[PDB]
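1. take this sequence and fold it.
(12 chains)
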Amino acid sequence: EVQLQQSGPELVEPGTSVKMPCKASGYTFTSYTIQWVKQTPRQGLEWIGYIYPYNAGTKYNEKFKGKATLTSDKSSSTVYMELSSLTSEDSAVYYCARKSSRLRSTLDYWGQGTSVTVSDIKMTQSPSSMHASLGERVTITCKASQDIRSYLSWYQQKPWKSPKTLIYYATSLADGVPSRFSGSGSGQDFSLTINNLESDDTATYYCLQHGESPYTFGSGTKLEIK
Amino acid sequence: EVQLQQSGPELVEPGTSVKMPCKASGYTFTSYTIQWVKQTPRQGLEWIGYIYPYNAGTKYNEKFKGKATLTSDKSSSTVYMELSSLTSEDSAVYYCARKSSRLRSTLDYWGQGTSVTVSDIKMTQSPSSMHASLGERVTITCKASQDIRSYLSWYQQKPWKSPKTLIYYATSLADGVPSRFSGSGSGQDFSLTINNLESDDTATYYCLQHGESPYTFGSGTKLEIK
Amino acid sequence: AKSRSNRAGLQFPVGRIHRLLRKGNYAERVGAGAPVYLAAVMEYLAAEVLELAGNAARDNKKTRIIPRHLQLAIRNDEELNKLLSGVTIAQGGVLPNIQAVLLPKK
Amino acid sequence: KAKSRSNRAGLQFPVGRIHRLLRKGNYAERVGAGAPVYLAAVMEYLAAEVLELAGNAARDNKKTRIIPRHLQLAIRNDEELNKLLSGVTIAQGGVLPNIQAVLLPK
Amino acid sequence: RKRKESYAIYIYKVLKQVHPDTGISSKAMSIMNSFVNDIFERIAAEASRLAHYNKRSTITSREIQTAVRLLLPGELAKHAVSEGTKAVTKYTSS
Amino acid sequence: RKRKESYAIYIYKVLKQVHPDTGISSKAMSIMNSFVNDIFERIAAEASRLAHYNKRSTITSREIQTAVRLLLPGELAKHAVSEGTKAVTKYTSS
Amino acid sequence: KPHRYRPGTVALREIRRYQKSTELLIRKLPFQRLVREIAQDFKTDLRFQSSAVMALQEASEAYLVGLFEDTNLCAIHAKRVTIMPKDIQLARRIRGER
Amino acid sequence: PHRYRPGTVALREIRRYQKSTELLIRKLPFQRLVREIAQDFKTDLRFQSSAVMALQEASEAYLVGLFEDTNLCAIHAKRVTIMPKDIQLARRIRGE
Amino acid sequence: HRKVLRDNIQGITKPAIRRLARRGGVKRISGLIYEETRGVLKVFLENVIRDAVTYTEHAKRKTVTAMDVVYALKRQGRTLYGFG
Amino acid sequence: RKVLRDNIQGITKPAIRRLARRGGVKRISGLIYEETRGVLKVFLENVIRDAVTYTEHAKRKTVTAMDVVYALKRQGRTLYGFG
DNA sequence: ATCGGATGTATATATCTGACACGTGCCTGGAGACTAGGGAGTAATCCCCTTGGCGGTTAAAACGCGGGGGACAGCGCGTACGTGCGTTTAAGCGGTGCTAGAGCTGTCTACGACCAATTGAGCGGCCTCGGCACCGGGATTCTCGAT
DNA sequence: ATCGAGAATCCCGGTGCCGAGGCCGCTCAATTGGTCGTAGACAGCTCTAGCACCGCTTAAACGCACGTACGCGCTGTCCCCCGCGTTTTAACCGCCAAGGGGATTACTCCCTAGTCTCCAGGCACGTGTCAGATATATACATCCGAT
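-> Residues are numbered from 1 along each chain as shown, chains lettered A, B, ... in the order given. Find the structure here:
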């Protein structure tokens, strides 16, 4: 029922500034923060920041302070993101993700992303790639740098699609996710476990910590079914 | 504490209009209607009308419809009554009284009374005048015309003073009234009873009905001590 | 057998109100005079509302109380309007009230 | 040995005391066994949520003790907690910093 | 058909002793039934809280009188206290 | 001395497990105790009212869950139901 | 020359008309369809009594009439006689809904 | 000499009193007002030290939350001064 | 065969909102009042119907009765007399 | 004990200005101070009347902070911090 | 736009106190174990009442159009409120004392819960007639445009 | 300021109808009569805490002067909303038909109240130390007038 629709693909000029919307409907707009995630195929996913449409309260990644500002529009249910002074370190896919103001909640609903082209705690996923059969259990780990406590999410990302939430609060299943996926762990050692694999389990599996102030994703794990 | 401050004495010529205030203090002004009663030495007490300051809603006697006109001012906590076409039949004292919007309630507190000097149910008080000793039990009757179901009051009026409420709802004592006074009766024949008399019981005693919409007083009962 | 309603001089059911107090999870025990007091207060309030509604029904030349008369009786009275301020009376309408600035001028 | 129902449930809030308060509180004639477990878990969740947001608000103020100002900032900076505690005054809590745009100078 | 048990006959007795020739409609009788149930539930809940605040386990007529003085505005709570005191007084005389 | 029985030591245990270095003042502990008492008596009153509506005599975890869904706004009522269901599932496994 | 009332006459006339009636001012079937459409997002295959939708319509129209009575005061405060969405928003956030 | 323009110290005071948590009424005039209002209900009453503080917290919270609605009513009428008509509108919409 | 409705908020027409404003006492009505009013009514009905369905599915019913609506209104401070 | 009169002027004009500053108010008319004193007197009358009713139900002579908390709670002005 | 003086506010350092976090005894309330009984879960049946469909009526809704009056913006004028300064006045704080009353304990008894037997009060069903909704026709009243 | 035409509303009799109001049978809930056991009323006592007074310091309140900027009234313009006529659409009402599910009954059993015993969890009471409050100097930000 929740849609976060976004723009099309763009190619722009350096030095300019691009503004992209996150027209979001299907829910009460002012009660959920809207998170912005940057995905380049070199550095994985990176968290830009959020805005809270209740009080227009923002928070940014310190490496994006000045590079990106977020604004709101409560009449049109729209959050805008401007990137100014476009360098070559700006050709990525920018998703907007809805997240509740609950500390337990995760980035549960994503936007499809915009192709943009120009002219601290580290999450170390131990398997960088997996290969398995169609009835095998796989186990992905998300070794942490400092003690977060259960504030870990697990996302899968199919090729050229927006990521999908699997686990939040390190054990709890997301909405509509089948019980084959199960999370475990606390502190610094977490685990994703898929039980009886299928053909549609071929994706990259990221772990996101949101216990501390800059949210950091994992490097990724490409699981290969046959 | 509840005071209804009225104006002073006043002389006017015939063919004039005169406005008298009823500045009220010591209570919540809009919760209580303010009643207007005239008193002549030729006809006695007679009810003119009321105004409810909550909805600015008046209701007049059919003998005074057009003749008298009532207005309130909420910020002033003041009720103004105007008299049009001042005939010789306008030589009276005009009292303003406070009555709640409760049907059981009576004219609780009265004003000072202003002497204006130009230049249906009937109540039957059976003793028109009474002499009594200083320790005798007195009964005054107030036989009615139509049936009023216990909506009858009793007032004591000293000479050249405002009437004081004795008994409301035909049995129940007013506030500050000692238990020497005692009311009885229901339907048409009511009775006031004074158990042991005193020095300050030299007054005239009226009975007022509230059963039907023109309120009618009694003729009076002048009580003398020895 | 004499009813407690007849014993108290009331029309409202003192025994039924006693049962409803005893089975309503209000206290561990319920005194004797408490359903009598509560029945007298409920009969008083019902009689005041019904009397003002019957007067408002007679003013519209009707011999039967409809919800409009209950609404007029309640909202034309400050104490009853403060008692029933968060109450919608079904098919009651509103009081006739136009602001003075909306009327034609001269 | 005796084990607490809080430790059986994994909670920090007293399941046995909440059972006694539901029993002696005139709520129903009977109280189920999972009712104090559920209610203690919900109360501990809500306490932990407002306490964590207040501790973050204290840390952003460079303090290590929560004072009522941090509870007020935590509650009023959150849409759901403000809808839950809307008719609630917090003593010595202050207000949120908010000036309307029209009152700021050109 | 299991005895839904309203207040309609007592409200009709009250109406017929107040206005002996005025009747009532079914929707108005339902509104008056809702009103009587409403004020019962308000006074009983305030009396329940007053008994709980004072470490008492009995709702008495003193709790009902305090709840009436807390819930009714102005001169409603003056005449309702008089009605309740009169009924308890003549009830204790059997 | 008559054992005034607060929630303060449990709120302090919860605080020491979410923020192990942060303390709390006495006025803030009094506010948190009032908060916990308030939400207890709101959920318990709604569960009492649900049992009375459905002609039940028992307050169970199904009434407490429906009261939590009625009272808490949004995703508060989504995570509180998860916490209560997890505690009940753990408790019946001894 | 056809007769023509000046602007404001017919409006005051139907203010006096609809402030004297007690009826329901929304059509019954569009409101019933709106109620059943809204309830589809909470539980699928719901049934409603005939009096449940009547209770919802009475409550909804009482809400909207009582909100327009406050919107009108907010419009008159700004020295207008037209009501505007900023008047509705002011009334709703002083009442505690925005 | 130096002179701030009208509206500058007002905004400075808005930022000063919206950052603090103090009680903005003096303690002894408020306690005297409480004991004077309570005389009309019972003679020779007595108050805890905490009852008058609970009354002052609630009274200042009520007045601050009313002045916010009053400011919205003033801004709605395209003014920046608040007036008794703004207070009366703010209380009529709230239902007082 | 199940009836799934879409966009019946336009069934509350412009002359219906004008009648509600006439009962509210409103003389002149802007043209943007109707879309504001439809959103206000939709938010009110979402809030009441969510609680009425919660009361209904606690009782393990499939029918929303009038008492569920009356209870859902009553705990929002909107007591309704006339429906039990 | 002695009777007190007219203590509403102890709520001075600077105190009302401080409460308006916390309410975000930049400019204040001169007739605001009497309107504010009347509003505060009405609120305090309504709360103290209920707190005194709660007090003399308990057959006490001291208004405790709990009676004030209950008297505010029954008006929708729930106060956290005093028990 | 820019620059500098004045003012205010954020920042870093010392230092000091009282409030908070922790330790200890003790006592009372919670846990464990056991028993009895009744609430509720579940199955089964009935019959109401909700949903769906259909067709003709007709009243409300939609749409278009002319025009007037109201919203809004600009402009000017005056007055009232803000800023600041100097004088005054209570608030706050500490210190002390006195006593009223809150809070706690103990004892006793009246009062309410409880249980069983009985009967009449109230509720469902049904039946009838009159209060009211509606219809048609005249009567008054309000509004609006030439005069 | 009169004044007539037209539209609107009000009133006044006459008809039909269905809903209020009353009656009848029955059942179940209230009443009546004892019996018991705890709640609370009342007397008594102690100690907390609230009230009252007093002196001093000083911060806030008060009163006044000056000027500005904002409130408010006036005028003009234009455009948007209202009144009305015409066309269309969908509500509504009456009728009918399934069938889902609400409501009630019967029965079994498991879950919870109640009681008793024990012991450990939590509270009152002390206690040290460190987090914050405050003083004070210093640095940055901002405001405002002159250019």
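2. list the contacts of residue 28.
-> No chain was given, so I picked chain A. Listed by CB atoms under 8 Å, 6 or more residues apart in numbering or on different chains, the contact set of residue A:28 reads residue F:74. The C-beta positions use only the backbone N, C-alpha and C, and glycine is treated the same way.
3. hmm, I had chain I in mind actually
-> G:8, G:11, G:81-83.
4. dig out what it forms beta bridges with.
-> When bridges are taken as DSSP bridges, the partners of residue I:28 come out as residue G:82.
5. what's opposite residue 79 in the beta bridge?
-> With no chain named, the answer covers chain A. In beta-bridge terms (that is, DSSP bridges), residue A:79 pairs with residue A:72.
6. actually, chain I is the one I wanted.
-> Beta-bridge pairing of residue I:79, defined through DSSP bridges, involves residue C:87.
7. how many neighbours does it have?
-> Using other CB atoms under 10 Å in any protein chain shown, the number of residues around residue I:79 comes to 19.
8. which helices and strands sit right next to the lengthiest helix in chain I?
-> As assigned by DSSP state H, the longest helix anywhere in chain I is helix I:33-58. For helix I:33-58, the elements it packs on are helix F:26-53, helix F:61-71, helix G:28-38, helix G:50-77, helix G:85-95, helix I:14-23, strand I:63-64, helix I:66-74, judged by 3 or more CB pairs under 8 Å, 6 or more residues apart in numbering or on different chains; DSSP states H and E.
9. residue E:38 touches residue I:79, doesn't it?
-> Yes. Applying CB atoms under 8 Å as the test, residue E:38 and residue I:79 come out as touching, 6.7 Å apart.
10. between the two, which contacts overlap?
-> Common neighbours of residue E:38 and residue I:79 are listed as residue C:87 (criterion: CB under 8 Å, 6+ apart).
11. now the residue in chain I that chain D sits nearest to. Nearest residue, chain neighbours left out?
-> Closest approach of chain I to chain D (CB to the nearest CB) occurs at residue I:77, with a separation of 10.3 Å. Computed as CB to CB, 6 or more residues apart in numbering or on different chains, the closest residue to residue I:77 that is not its neighbour in sequence is residue C:86, at 5.1 Å.
12. same check, this time on residue E:40
-> Using CB to CB, 6+ apart, the nearest residue to residue E:40 is residue C:42, at 6.1 Å.
13. just residue A:51 next, same as before
-> With sequence-adjacent residues excluded and distances taken as CB to CB, 6+ apart, residue A:51 is closest to residue A:70, at 4.2 Å.
14. and for that neighbour, the neighbour number?
-> As a burial measure, residue A:70 scores 22 neighbours (other CB under 10 Å).
15. now it, what's its secondary structure?
-> Secondary structure state of residue A:70, per DSSP: H, G, I helix; E, B strand; the rest coil, is strand.
16. distance of it from chain G?
-> Distance of residue A:70 to chain G, computed by CB to the nearest CB, to the nearest Å: 22 Å.
17. ok, that residue touching residue A:49?
-> Yes. Counting by CB under 8 Å, residue A:70 sits close enough to residue A:49 to count as a contact (6.3 Å).
18. common neighbours of those two, please.
-> Residues within reach of residue A:70 and of residue A:49 at once, by CB under 8 Å, 6+ apart, are A:36, A:58, A:60.
19. what sits against the last one?
-> Pointing back at residue A:60 there. Applying CB under 8 Å, 6+ apart as the definition, the contact partners of residue A:60 turn out to be A:48-49, A:68, A:70.
20. same deal with the second one?
-> Listed by CB under 8 Å, 6+ apart, the contact partners of residue A:58 are A:49-52, A:69-70.
21. can you list the strands that the strand or helix carrying it pairs with?
-> For residue A:58, the enclosing helix or strand under DSSP states H and E is strand A:57-60. Paired neighbours of strand A:57-60 in the sheet (DSSP bridges): strand A:44-52 (antiparallel).
22. CA-only coordinates of the strand it pairs with, as CSV, when you get a sec.
-> Extracted C-alpha coordinates of strand A:44-52, given in CSV (Å, rounded to 0.1, in the frame of the first residue of the first chain):
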residue,chain,number,x,y,z
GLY,A,44,28.4,-0.3,-2.1
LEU,A,45,25.6,1.6,-0.3
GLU,A,46,26.2,4.8,1.6
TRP,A,47,23.7,6.7,3.9
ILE,A,48,23.4,10.3,3.0
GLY,A,49,20.9,11.4,5.7
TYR,A,50,17.3,11.8,6.6
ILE,A,51,14.6,14.5,7.1
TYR,A,52,11.7,14.2,9.5
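23. next one: it to chain centre, how far?
-> Going by CA atoms, centre = their mean, to the nearest Å, the spacing between the C-alpha centre of strand A:44-52 and its chain's C-alpha centre is 8 Å.
24. which residues touch that strand?
-> The set of residues that contact strand A:44-52 without belonging to it, under CB under 8 Å, 6+ apart, is A:33-40, A:57-61, A:64, A:68, A:70-72, A:79, A:81, A:94, A:99, A:101, A:163, A:206, A:208, A:214-220.
25. now with 7 Å?
-> Among residues not part of strand A:44-52, those counted as contacts by CB atoms under 7 Å, 6 or more residues apart in numbering or on different chains are A:33-39, A:58-61, A:64, A:68, A:70, A:72, A:79, A:99, A:101, A:206, A:214-217, A:219-220.
26. cool, and stretch C:3-12?
-> C:13-15, C:36, C:39-40, C:42-43, E:10, E:13-14, E:87, E:90-91, E:94.
27. narrow the residues you listed to those in helices?
-> Short answer: those in helices (DSSP H) are C:14-15, C:36, C:39-40, C:42-43, E:10, E:13-14, E:87, E:90-91.
28. weed out the non-buried ones from these.
-> Members of those that pass the buried threshold by neighbour count (16 or more other CB atoms under 10 Å in any protein chain shown) are listed as C:14, C:36, C:39-40, C:42-43, E:10, E:14, E:87, E:91.
29. how about the residue in chain A positioned nearest to chain H: what's its closest non-neighbour residue?
-> Among all residues of chain A, residue A:55 sits closest to chain H, at 14.1 Å; criterion: CB to the nearest CB. By the measure of CB to CB, 6+ apart, the closest residue to residue A:55 outside its immediate chain neighbours is residue D:77, 6.4 Å from it.
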